[PDB]
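Peer 1: Submitted below is the structure of interest, expressed as structure tokens.
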Amino acid sequence: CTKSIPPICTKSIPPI
């Protein structure tokens with residue numbers, strides 16, 4: 001996920 005609020009995450013594992 002990105003350093004934002006709400007952070008947005010891809011459907012990856014571990015997600016980023």
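Going through the structure tokens in order, the chains are called A, B, and so on, while each chain numbers its residues from 1 and the ligands are numbered from 1 in the order shown.
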With only C-alpha atoms as the counted atoms, please give the residues lying no more than 8 Å from residue 15 in chain A, apart from itself and same-chain residues fewer than 5 positions off, as an MDAnalysis selection string.
Peer 2: chainID A and resid 1 9:10
Peer 1: Once you have the residues from the selection above, write them out as a PDB file, in the first residue's frame, restricted to N, CA and C atoms.
Peer 2:
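Saved the output as part-v3.pdb:
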```pdb
ATOM      1  N   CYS A   1       0.850  -1.188   0.000  1.00  0.00           N
ATOM      2  CA  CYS A   1       0.000   0.000   0.000  1.00  0.00           C
ATOM      3  C   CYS A   1       0.896   1.252   0.000  1.00  0.00           C
ATOM      4  N   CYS A   9      -4.054  -0.812  -1.383  1.00  0.00           N
ATOM      5  CA  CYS A   9      -3.341  -2.089  -1.554  1.00  0.00           C
ATOM      6  C   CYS A   9      -3.692  -3.006  -2.751  1.00  0.00           C
ATOM      7  N   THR A  10      -2.739  -3.587  -3.479  1.00  0.00           N
ATOM      8  CA  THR A  10      -2.991  -4.539  -4.563  1.00  0.00           C
ATOM      9  C   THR A  10      -3.356  -5.918  -3.985  1.00  0.00           C
TER      10      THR A  10
END
```
